[PDB]
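Everything on this sheet refers to the single structure shown next.
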Amino acid sequence: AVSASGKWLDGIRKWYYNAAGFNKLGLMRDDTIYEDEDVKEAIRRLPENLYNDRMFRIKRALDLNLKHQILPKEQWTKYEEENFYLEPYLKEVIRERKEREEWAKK
Amino acid sequence: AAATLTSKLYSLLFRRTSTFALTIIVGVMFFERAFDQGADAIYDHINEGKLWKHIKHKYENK
Amino acid sequence: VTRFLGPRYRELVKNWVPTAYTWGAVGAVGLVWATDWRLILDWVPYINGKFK
Amino acid sequence: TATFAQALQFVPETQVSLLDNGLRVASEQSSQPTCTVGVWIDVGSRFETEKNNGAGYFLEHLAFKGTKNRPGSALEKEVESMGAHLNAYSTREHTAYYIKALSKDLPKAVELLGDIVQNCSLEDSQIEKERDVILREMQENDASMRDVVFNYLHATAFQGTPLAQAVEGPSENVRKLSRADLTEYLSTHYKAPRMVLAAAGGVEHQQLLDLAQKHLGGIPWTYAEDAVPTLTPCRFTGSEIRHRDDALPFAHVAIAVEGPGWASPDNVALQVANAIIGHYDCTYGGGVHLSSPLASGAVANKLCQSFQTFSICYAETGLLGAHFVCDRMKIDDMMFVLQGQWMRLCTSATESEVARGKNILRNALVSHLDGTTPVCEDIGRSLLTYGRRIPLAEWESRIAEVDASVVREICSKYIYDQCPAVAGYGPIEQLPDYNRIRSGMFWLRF
Amino acid sequence: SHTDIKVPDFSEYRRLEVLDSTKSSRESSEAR
Amino acid sequence: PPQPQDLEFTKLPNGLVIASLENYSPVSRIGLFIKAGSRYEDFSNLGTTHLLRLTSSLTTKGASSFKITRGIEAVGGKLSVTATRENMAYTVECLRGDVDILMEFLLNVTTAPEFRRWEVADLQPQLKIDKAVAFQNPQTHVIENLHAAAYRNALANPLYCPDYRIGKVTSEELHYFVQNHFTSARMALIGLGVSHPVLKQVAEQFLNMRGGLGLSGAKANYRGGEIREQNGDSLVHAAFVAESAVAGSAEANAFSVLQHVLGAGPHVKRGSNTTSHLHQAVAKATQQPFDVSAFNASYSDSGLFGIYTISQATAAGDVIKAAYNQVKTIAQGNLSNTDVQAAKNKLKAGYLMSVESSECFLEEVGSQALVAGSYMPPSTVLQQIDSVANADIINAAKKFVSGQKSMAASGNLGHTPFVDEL
Ligand SMILES: CCCCCCCCCCCCCCCCC[C@@H](O)O[C@H](CO[C@H](O)CCCCCCCCCCCCCCC)COP(=O)(O)OCC[N+](C)(C)C
């Protein structure tokens, strides 16, 4: 595979990640996704610990935005430590919807 | 008691509401024409010889 | 949109086509009647008399 | 190895044979070591008047209480020493006495059966005992809610007709009957050619015909004074009956429209439509947004507890509708969905639903016939209904003719813009008035 | 005991075509 | 038509028993029988089986829940899960041409179940609905108490989940039970419309699943306790059971004849069972509505023979005394020959009439295959049932009288006796 292009792709993605300010508030990537019915069901399937963590980090972000403050540098989220915890659940829900729609047309 | 006539009207033009609406529209179009013509004729009869329409002939092109 | 395709959605349109034609006809006649549109009305056997 | 329509051709056929008096004898032979022999009679509450409304039910209670040859407990002692099972049932249009036993005892069974339909002793003391028994059983039926609402539906849909009254009859009527009305009812009705003998299982038609002649050949076929009980058509009435009792747990509505007689082709197509709507219950597995449309919506707001679609057929007329239970607060919503489904069938019917309905119908026909007793019942009911026994191959052929367009036309013929009959027994304060119910039988968009 | 219930006569309100308890109503429904 | 076919048996090296028959009916039927039951649970996990049989429609690794229901529904077939303390039976029905489709689901549901935890949690409240419907009939509550009153460990386990466990069943317990009890050697497969050779290769797929033997249970010990309930109902129920023989034994046949001598089952409708000894003994004891008959439950480990009596609260004591006194007279040696023949005829007619239906026939074949794996034709049943002698029945009656008794009684109980005074 392409090495220089892949490294350039990784570099620009990391640059874009730092440009987005949600890491400044301790938010993970999966917290910012718009909450449509599919996301609502996906959240309903989360285990209690991840659900509890998600709610608290959202509260902290809202609280910080309240006073126009920013979390300290050392506590910013890092590009390599992020875990896409919500990806498997959302994918399964979307696939189920596609199967239902495919059946419904015939 | 034209029960057959009412039966035919229902089976063809009232069972579906789309046809029901269409008959209503044509009926009102015809009804207004007939109603207007008949009513005006009655009015003219009751007031014969007084309306300008009845005396204009004595001055128009005259 | 892609979900709207399929053998049955075509069938549903076919069933409702007669109703769509009738409703469209109802609207067209209603518009002509309401507006007293002489252009179309002049070709009506009896209604044309209204026009003088 | 065998296709569906190919397996249909391996089903044995029924052999019919008349006796001199006009009795019809039918039989379907097999290799099973058991058989079911019964007599079906075209007598029901439809042939009764106010003075003898409960006669048919009352006689059923005295059918096996003793006879001239076997008085008292002699009849049941013989039946039980044989290991057989003696059963009976009644209806508004039919009556039946049938015995399940071993083929090795075919002779005796017929003898007893003949004895029960010709020599029914009517001792008076027994009549008094049955009076109280029927009085108590009527009280039990009151507890059952479904029976109550189905009798109400008949009472309102056949107002002023012999089909309106129930099989059991009024309580006041059962306490004044005598041994003279019962004998008149028995003599006037139970006789050939109305009777139909049937025997399915490991029985040979030849043996079934000699035995019948020996015992059943003596039944008269001539009416006294030529007082023939002629049948008459029945009128259908679009009306509602509301019996309100808020102490009861759930509302118990029942609706139905007029439907064909048993002997019209259209009924087959109607059955397919009833398969599309389907039935629902609270114990069924899955189905939440996963089953038929009425049941999928049945669990989105938890509307119904259980709904079923019925199609009751009588001669020249019948009832077609849907019975459902529901909570006090969700009566109107359930009715709204049901009426929408009917109208959708009348206007927008896809072939995919039809194919599912046809498959369900095939399964019900084949699976229902499993067992000897259901087979014997079908023979008797068909011989008194059509005059023949439609074979499975014919049923499949007629079903295959069904198409989405066919269903649309037939449903429009019987469902669209027709006045319904409604019966409700429970907390029914939310039940919509007749005018609203009647306005929901058509579509302003169509 | 519920079998003792029966609808009272409506003959004074019924329409002419449905006044007989033997003639079928299907032959006049479309007309009415 | 062709000649009457016979059923073919075979035992794969795994230990699975495969049986097939080739009739010519247009509807095909397939069944999976598993030695798993409510008796294999311990105190740590309880109500697992009651929830497990409700999961038949849940998603699998090879098929989605949506697919299973829609596919079965469109074909017009059915799938049911019969359950009992000893066994669990999956069954499916469809047409001849659709077998290959439905088997794919059936195999999947029992080979690769994927107990999604959120699906399990959403299914939990259904347990209450099912339990309530069953208890609507008081007979269910009396027996489940009766088993809990006569057995200490194994068969005392209820068929329904206890109330406190309704919200606390987990998917891990479901998984653990499946691995340890869905072993191939414990299973049997039965087919009616399908051909035997194709059955071999469809079943070849799961030969890479399960295997060996599973987790054995414990021999059910007998206690002899009582469990009264004291509910507000006017009609009191009861039960009077004692240790019996083991399922599939010569002594077990004598007990079967014994109960039918005592008018176990009604035959004629709307008619008094004059031939029944118990109804005669009770008729001259009470003049108000009553119901009585004998009870017989044979299991692999042990059996239980007894009596059940519905009666008025005031007359409960008299009814029970009359029934118990009647059994003593039989045990004393007062037994006529005619009753033996009449009871035997009832048995044979019941057996053949019950197996007559295809569904029951498939159930009887599966039950026999699991324990033995060798079908025993009805004629052999008749020879076994005709070998019973009078002395055998007298010995059976004497054993019941001398044995310790367990009693479960729901009702008002104002006048119902206790054990040690009956
Ligand atoms: C703008 C100012 C207006 C002022 C109006 C003042 C009115 C004062 C007087 C009030 C009179 C009240 C009664 C008027 C209607 C009486 C009849 C009505 O109540 O019945 C309903 C009326 O319902 C409608 O008829 C339903 C069909 C809709 C017909 C719409 C016709 C529209 C015509 C005009 C269209 C104009 C288009 C213009 C385009 C530019 C239901 O009839 P129903 O018998 O139970 O329907 C059965 C349907 N079947 C036949 C198919 C079985």
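Residue numbering restarts at 1 for every chain, and letters A, B, ... go by the order of the sequence lines.
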Task: Heavy-atom donor-acceptor pair, F/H141 side chain to F/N137 backbone, under 3.5 Å - done: no
Open item on the list: Looking at every heavy atom in both F/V388 and F/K344, which two are closest together, and how far apart are they?
Closed with: O-NZ, 3.1 Å
Task: Option among F/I190, F/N87, F/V365 that satisfies the side-chain contact (heavy atoms from CB on, under 4.5 Å) test with F/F33 - done: F/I190
- [ ] Please say whether the positively charged group of F/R186, taken as NZ for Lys or CZ for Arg, lies over the ring of F/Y40, i.e. under 6.0 angstrom from the six-membered ring centre and within 45 degrees of the axis.
- [x] yes
Task: Point-to-point distance, once rounded to the nearest 0.5 Å, from CG of F/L335 to CD1 of F/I394 - done: 5.0 Å
TODO: State whether the side chain of F/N395 and the backbone N or O of F/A391 hold a donor-acceptor pair below 3.5 Å, judged by distance alone.
DONE: yes
- [ ] Quick one: do D/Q207 and D/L106 satisfy side-chain contact (heavy atoms from CB on, under 4.5 Å)? Show the steps, please.
- [x] CA-CA 9 Å; D/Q207 166 171 1; D/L106 189 45; 3.8 Å; yes
TODO: Evaluate the criterion salt bridge (charged side-chain N to carboxylate O under 4.0 Å, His left out) for residue pair F/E73 and F/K78; output intermediate values, then yes/no.
DONE: CA-CA 8 Å; F/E73 162 171 298; F/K78 310 292 170 171; over 6 Å; no
Open item on the list: Taking salt bridge (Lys or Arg N to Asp or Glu O under 4.0 Å) as the cut-off, I'd like each qualifying pair that reaches into residues 347-369 of chain F, sequence neighbours left out, listed once.
Closed with: F/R29-F/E359, F/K348-F/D386
Open item on the list: Under a 3.5 Å cutoff, is there a donor and acceptor pairing between the side chains of F/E8 and F/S20?
Closed with: no
TODO: With side-chain contact (heavy atoms from CB on, under 4.5 Å) as the test, would you mind laying out the steps for F/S56 and F/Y90 before giving the verdict?
DONE: CA-CA 9 Å; F/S56 62; F/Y90 289 88; 4.0 Å; yes
- [ ] Kindly determine whether F/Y160 and F/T140 satisfy side chain to side chain donor-acceptor pair (under 3.5 Å), including the steps that lead there.
- [x] CA-CA 10 Å; F/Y160 303 129; F/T140 68; 5.9 Å; no
Open item on the list: I need the F/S195 OG to F/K200 NZ distance, nearest 0.5 Å.
Closed with: 11.0 Å
Task: Donor + acceptor pair across side chains of F/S28, F/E93 (<3.5 Å) - done: no
Task: Stepwise side chain to side chain donor-acceptor pair (under 3.5 Å) check, D/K100 with D/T34 - done: CA-CA 8 Å; D/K100 320 181 52 167; D/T34 80; over 6 Å; no
Task: Test item: F/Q201 side-chain N/O and F/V198 main-chain N/O as donor-acceptor pair under 3.5 Å - done: yes
Task: Where F/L199 and F/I30 come nearest, the two heavy atoms and their spacing - done: CD1-CD1, 4.3 Å
TODO: Give a yes or no on whether F/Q383 atom CD has more than 12 heavy-atom contacts from other residues, nucleotides or ligands under 6.0 Å away.
DONE: yes
Open item on the list: Are F/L304 and F/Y151 packed together at the side-chain level, in the sense that at least one heavy-atom pair is separated by less than 4.5 angstrom?
Closed with: yes
TODO: Verify the ring-centre separation between D/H94 and D/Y89: is it less than 6.0 angstrom?
DONE: no
TODO: With sequence neighbours excluded, tell me which residues meet side chain to side chain donor-acceptor pair (under 3.5 Å) with D/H368.
DONE: none
Task: Crowding at NZ, F/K269 (>12 non-hydrogen neighbours, <6.0 Å) - done: yes
TODO: Working to the nearest 0.5 Å, report the span between CG of D/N87 and CZ of F/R270.
DONE: 9.5 Å
Task: Evaluation steps, salt bridge (charged side-chain N to carboxylate O under 4.0 Å, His left out), between D/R389 and D/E13 - done: CA-CA 9 Å; D/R389 177 151 157 67; D/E13 92 296 355; over 6 Å; no
TODO: Assess whether side chain to side chain donor-acceptor pair (under 3.5 Å) is satisfied between F/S256 and F/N253, documenting all intermediate values.
DONE: CA-CA 5 Å; F/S256 300; F/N253 301 118; 5.3 Å; no
Task: Residue pair D/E204, D/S27: steps toward the side chain to side chain donor-acceptor pair (under 3.5 Å) verdict - done: CA-CA 7 Å; D/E204 187 182 359; D/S27 178; over 6 Å; no
Task: Partner of F/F255 by ring-ring contact (aromatic ring centres under 6.0 Å, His included), out of F/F400, F/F295, F/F305 - done: F/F305
TODO: Measure from the side-chain N and O atoms of F/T380 to the backbone N and O of F/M376, and report whether any donor-acceptor pair falls under 3.5 Å.
DONE: no
- [ ] Tell me, yes or no, whether the heavy-atom count around F/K399 atom NZ, taken from other residues, nucleotides or ligands under 6.0 Å, exceeds 12.
- [x] yes
Task: D/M82 CE to D/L112 CG distance, which is reported to the nearest 0.5 Å - done: 6.5 Å
TODO: Could you tell me the separation between the CG atom of F/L159 and the CD1 atom of F/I143, rounded to the nearest 0.5 Å?
DONE: 9.5 Å
- [ ] Start with the C-alpha gap between F/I330 and F/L262, add the side-chain angles, then the distance that decides, and say whether side-chain contact (heavy atoms from CB on, under 4.5 Å) holds.
- [x] CA-CA 10 Å; F/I330 297 181; F/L262 273 60; 3.4 Å; yes
- [ ] Would you mind telling me which of F/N157, F/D301, F/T84 makes a side-chain hydrogen bond (donor to acceptor under 3.5 Å, both in side chains) with F/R39?
- [x] F/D301
Task: Donor-acceptor pair between D/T1 and F/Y24 side chains, under 3.5 angstrom - done: no
Open item on the list: For the CG atom of D/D370 and the OG1 atom of D/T373, what is their distance to the nearest 0.5 Å?
Closed with: 11.0 Å
